[PDB]
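Listed below are the residues making up each chain.
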Amino acid sequence: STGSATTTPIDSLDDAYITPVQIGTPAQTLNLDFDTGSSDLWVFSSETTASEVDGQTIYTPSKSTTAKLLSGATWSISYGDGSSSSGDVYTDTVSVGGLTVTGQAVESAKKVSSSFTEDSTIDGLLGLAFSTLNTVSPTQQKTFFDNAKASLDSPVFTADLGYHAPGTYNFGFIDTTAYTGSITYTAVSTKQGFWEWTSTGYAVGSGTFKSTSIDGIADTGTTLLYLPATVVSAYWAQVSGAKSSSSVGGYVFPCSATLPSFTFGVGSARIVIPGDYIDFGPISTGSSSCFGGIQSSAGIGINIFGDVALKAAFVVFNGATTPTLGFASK
Ligand SMILES: NCc1ccc(C(F)(F)F)cc1
């Protein structure tokens, strides 16, 4: 079997991408943020604290004839940005673009942090990292992909994120019309539960390629590209007026600048991120200081190939016995 669903940026900056997901019987459609950086499928629900819901679509397990309370199960998760959520668990039928998983753990939120309440467009998250990161206690639960894997035509999912445009999440098949050239596959370490891999280096604009190993995660749930301070300083040194600002919390640059591209290595292959992808607009409404899409990973403790990098490529998350990542230009 296969699945195919369109993913759409939540706003004009591509801060995040939402993908419609059907939960329960009759179907309840919620727009979830597909996140390869986490492994919990959680949703705003009829159990979420009323003052913490502001425009989100909720899942009401009492209206689903297939919903079952997963007795005694709770979940609690904290994300890299400081956001968090927690609640109880139901099992229910969940489908993504035609692909159905019966008995999928649907973590119903009882509490959500302010960042989630403020994002009226995001009804929850659908984790796609390894199930080892799943927070359901006392019985750890599998991701949607892990549960669908055996039934898929090929044990893969692909991320084809658009730049200020819709894109596609495919499950179980590789669309050979969605990319140019060939897909370059690279090794993955699952030791930290992420799609963790090693980039072979970088270039800034038309500069010479620097061969250097950059360990990092392919994370659809992270907006920006977080790389080592050396790499990020080399990039921003090419933009007149660019600087790191502690008051803003990162590199900012004059909104009047035309940014250089950023190339990242995938084995002997190169993925070019166009300069316009690196512009995250004014730091505040009406400001002439723009926020950079390439930031330092120094405070995080891991490099993150977020949406800025992933949207420049057709990306294969190969969940075979030996998992790999494939990258192709598009
Ligand atoms: N990396 C996961 C993630 C995704 C979205 C959000 C936000 F911004 F919607 F709250 C936080 C954390």
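Residues numbered from 1 in each chain as written, not as in the entry; some residues may be left out. Heavy atoms only, no water. Residues with missing side-chain atoms left out of burial classes, pairs and counts.

In the PDB header, X-ray crystallography is given as the technique by which the entry was determined, and 1.853 Å as its resolution.

Q: Outline the pattern of salt bridges, listing residues and values.
A: This model, assessed by the stated rule, comprises three salt bridges. Between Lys110 and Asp88 there is a salt bridge whose closest N-O contact spans 3.7 Å. Linking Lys110 in strand β7 (residues 99-112) with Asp88 in strand β6 (residues 84-96), this pair joins segments that are 22 residues apart in sequence. Close ionic contact of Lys330 with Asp160 constitutes a salt bridge, the shortest N to O distance being 2.8 Å. Placement of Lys330 in the segment after β24 (324-329) and of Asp160 in strand β9 (residues 156-160) is noted, with a sequence separation of 170 residues between them. With a relative accessible area of 38%, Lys330 lands in the partly exposed category. Exposure remark for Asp160: the relative accessible area of 17% places this residue in the buried category. (Salt bridge = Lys/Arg side-chain N within 4 Å of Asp/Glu carboxyl O. Helix = DSSP H or I, 4+ residues; strand = E, 2+ residues; numbered from the N terminus. Buried < 20%, exposed > 50% of the residue type's maximum accessible area, 1.4 Å probe, protein only.)

Q: Outline helix α3 (residues 229-236), supporting the account with residue identities and numerical values.
A: Of the positions making up α3, those classed as buried are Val231, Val232, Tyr235 and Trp236. Down the axis of α3, the buried side of the element spans an arc of 125 degrees, and every buried residue falls inside it. (Arc of directions from axis to C-beta.)

Q: Can you break down the pairing of β9 residue by residue, with the values?
A: Counting buried positions over the five residues of β9 gives five, a clear majority of the element. Burial of β9 is two-sided: the residues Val156, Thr158 and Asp160 facing one way and the residues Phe157 and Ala159 facing the other way are all buried. Where β9 meets strand β23 (residues 313-318), four bridges bridge the pair, whose relative direction is antiparallel. Its bridge partner being in β23, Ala159 is matched across the sheet by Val315. Here β9 pairs with strand β10 (residues 167-171) via four bridges, running antiparallel. Each bridged residue has a counterpart across the sheet, and for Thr158 the counterpart in β10 is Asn170. (Pairing = 2+ DSSP bridges.)

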